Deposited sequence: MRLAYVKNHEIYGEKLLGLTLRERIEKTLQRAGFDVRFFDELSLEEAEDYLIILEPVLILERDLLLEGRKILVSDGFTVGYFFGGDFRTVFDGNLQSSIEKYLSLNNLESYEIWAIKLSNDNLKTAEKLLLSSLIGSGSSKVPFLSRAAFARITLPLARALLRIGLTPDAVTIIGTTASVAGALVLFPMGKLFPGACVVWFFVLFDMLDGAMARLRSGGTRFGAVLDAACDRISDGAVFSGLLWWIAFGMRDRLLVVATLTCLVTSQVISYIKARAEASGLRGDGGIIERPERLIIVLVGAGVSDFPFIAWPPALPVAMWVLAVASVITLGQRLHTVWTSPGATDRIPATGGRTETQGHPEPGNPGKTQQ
């Protein structure tokens, strides 16, 4: 029983891509389980949650998971508030004063919602953004507080890159050779996410650098190499499995070369992206295989070879596919 009180605006009457923004916001809010009430003077009906939207907005995210007590924002503009039913016990009639009292009386967090504030002179951007949205949100909502905190405590994006890469190589090269595949997989995954935090951090500094991007990518390569090298050490000298080291060497080399194809193609002004296995799928397959092979109490060892062999084949295919991208890029076959 959640109520969504939306303040009326003349711009809601405007139609965007065949539907009125008033209908568009009504449908998005309803999809999120809200009973929608457009209002001019706020009349609070008894409910468990109150989503109060005061500024005209077009919500671009399909799944709106609202919880706690939050302040909804987008691109720095405060769009609305997510209060509890206890707000009814404070609301006296003046919405500004009631909101200020509720904010002073409670602990609230900001909630970045994928949305844009509407005006008479910005509907082209709203149409473009709705089309982009129709053709991640929670990823941003969990990433931005983390990046904010890391910046506040004095860490720079490149520093976080180095820390995540160093910690991931340390976990891979200490835990994997010892046979501790499950804790190694967990530590490596944690610090791979940590390394990926630098992009959000740089976006919060009004922009990153080209060196920072090159460093992030080279560190990705060092981290992948370390994962596969620790796994290779274990498989070769711990399990004493020669076929599986053939698969591991293939995975190592082809992952390096798969990333290198895209880098070098872009260096030549061509494209080289795509493929079945990219770095996220690569890491997931190999780390899940290792973890399942060493899972506590109910370990299934054949998960390690399977993941390794599958990946290997999927890497070889990928290496070809990316080459095809390079082949099909404009200007790739010019005699220049």
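Trainee: Residue ranges with no C-alpha coordinates, please: along the deposited sequence, counted from 1, in order.
Mentor: Those stretches are 136 to 146, 348 to 370, listed in order.
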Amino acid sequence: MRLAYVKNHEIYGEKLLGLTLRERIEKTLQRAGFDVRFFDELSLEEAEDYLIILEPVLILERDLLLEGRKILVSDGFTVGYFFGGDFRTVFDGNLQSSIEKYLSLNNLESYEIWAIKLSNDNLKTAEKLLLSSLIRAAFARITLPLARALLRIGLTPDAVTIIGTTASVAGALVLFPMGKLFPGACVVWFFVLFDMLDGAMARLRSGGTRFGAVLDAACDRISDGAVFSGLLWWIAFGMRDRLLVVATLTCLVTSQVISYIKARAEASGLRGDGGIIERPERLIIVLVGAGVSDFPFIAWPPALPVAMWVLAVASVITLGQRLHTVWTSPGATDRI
From here on, numbers count along this sequence of modelled residues.
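Trainee: If you average the CA temperature factors over each stretch, which comes out higher, 83 to 91 or 258 to 266?
Mentor: Per the deposited B-factors, the answer is 83 to 91.
Trainee: Select between 268 to 276 and 41 to 49 the stretch whose C-alpha atoms have the higher average B-factor in the entry.
Mentor: It is 41 to 49.
Trainee: When the CA B-factors of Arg203, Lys180, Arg240, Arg141 are compared as recorded in the entry, which is the largest?
Mentor: By C-alpha B-factor in the record, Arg141 ranks first.
Trainee: Using the temperature factors in the entry, find which of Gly76, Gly199, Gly225, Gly184 has the highest value at its Cα atom.
Mentor: Comparing C-alpha B-factors across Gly76, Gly199, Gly225, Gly184, the maximum falls on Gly76.
Trainee: Please say which third, lowest, middle or highest, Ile153 falls into when its CA temperature factor is compared across its chain.
Mentor: For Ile153, whose C-alpha B-factor we compare with every modelled residue in the chain, the answer is the middle third.
Trainee: Quick one: classify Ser168 as lowest, middle or highest third of the chain based on its Cα B-factor.
Mentor: For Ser168, whose C-alpha B-factor we compare with every modelled residue in the chain, the answer is the lowest third.
Trainee: Can you work out whether the C-alpha temperature factor of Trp309 puts it in the lowest, middle or highest third of the chain?
Mentor: CA B-factor rank for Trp309: lowest third.
Trainee: Split into thirds by Cα B-factor across the chain's modelled residues, where does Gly230 land: lowest, middle or highest?
Mentor: Tercile = lowest for this residue's CA B-factor.
Trainee: Would you please rank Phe297 by its C-alpha temperature factor against the other modelled residues of its chain and give the third it falls in: lowest, middle or highest?
Mentor: Answer is middle: the recorded C-alpha B-factor places it there.
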